[PDB]
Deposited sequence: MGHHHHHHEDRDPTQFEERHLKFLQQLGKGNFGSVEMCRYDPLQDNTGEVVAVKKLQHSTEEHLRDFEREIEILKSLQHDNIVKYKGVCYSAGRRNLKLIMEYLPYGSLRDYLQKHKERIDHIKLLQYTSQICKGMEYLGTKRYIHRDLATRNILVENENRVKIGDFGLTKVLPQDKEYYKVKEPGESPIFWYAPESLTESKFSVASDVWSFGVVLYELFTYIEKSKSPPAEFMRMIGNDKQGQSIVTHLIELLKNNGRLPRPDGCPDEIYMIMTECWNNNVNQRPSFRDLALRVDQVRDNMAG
């Protein structure tokens, strides 16, 4: 299993930077002749470290067609780097925004289903993702996506069905906003927002922050109040009613009335099969 000399990990370009960390595109190049393979490298910037070492083990334990591949780690005596496969097509968020004129609903629902299957899988390990958004989805090719970040992922406790813990508040279930509770259910609410993002094709004027801030008129509080009076993101221009209905069932205030991911992949596969024509 793959073992990495820090010394031969050559920085090529910056892929994402945050509050406490970053993702780089590096080439691992032991033969020093630039024929090494390109990888993605996650590092911390300024217990985070405990959380980072859990993340590594989570990603490692995942092996799935729609989850980004763990490659190994890279350390200094005694500046931890998590190594993953590099997917050159980049995030679905940017890829959708780019090729909207070549990506019909059939494609949209393919990605949607591959996202559910990945999430279904996470659930089999009681993993809660916590950050479901097009931002964190990668495109392997035109017909395949992978969930590409597990920064916030948690393992549920063995006797419980929720984990209590800047947050992307416009993607969050209300119980996440008010009780900091995270669950399969809250992953489902967020999935609904992913479905919303996909069918707006990332039109900046139609993003969850823009529409929610519009409907609002502490931002967080305003959001809680809005969600509680059944305010919701509108149906995207051109969205079929069955896709919007899946969204509104994901955004049910009651955790227990939200659909399962196995059910979501199913309905979504049947709606995609009914458009094939």
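In sequence order, the gaps in C-alpha coverage of the deposited chain fall at 1 to 12, 59 to 61, 94 to 95, 183 to 186, 239 to 244.
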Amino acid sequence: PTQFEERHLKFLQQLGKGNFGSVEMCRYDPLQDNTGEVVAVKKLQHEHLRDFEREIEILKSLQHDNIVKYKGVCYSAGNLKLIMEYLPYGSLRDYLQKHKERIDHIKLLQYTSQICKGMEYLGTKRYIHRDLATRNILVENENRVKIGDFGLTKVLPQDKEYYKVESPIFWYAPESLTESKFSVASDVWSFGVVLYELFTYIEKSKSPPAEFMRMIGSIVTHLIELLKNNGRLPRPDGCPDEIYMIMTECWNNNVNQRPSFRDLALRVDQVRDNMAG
From here on, numbers count along this sequence of modelled residues.
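Taking only CA atoms, the mean B-factor in the PDB entry is higher for 30 to 38 than for the other of 30 to 38 and 224 to 232.
The question of which stretch, 254 to 262 or 6 to 14, has the higher mean Cα B factor is settled in favour of 6 to 14. The maximum CA B-factor among the listed residues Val68, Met247, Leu49, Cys239, taken from the PDB record, is found at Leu49. Remark: of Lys181, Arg130, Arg135, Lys160, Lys160 shows the highest value [criterion: C-alpha B-factor in the PDB entry]. Looking at the C-alpha B-factors along this chain, the one for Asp149 belongs to the middle third. Among the modelled residues of its chain, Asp94 has a C-alpha B-factor that falls in the middle third, as given in the PDB entry. In the PDB entry, a CA B factor belonging to the highest third of its chain's modelled residues is recorded for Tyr75. Annotation for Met119: C-alpha temperature factor in the lowest third relative to the rest of the modelled chain, per the entry. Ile83: CA B factor in the lowest third of modelled residues in this chain (values from the PDB entry).
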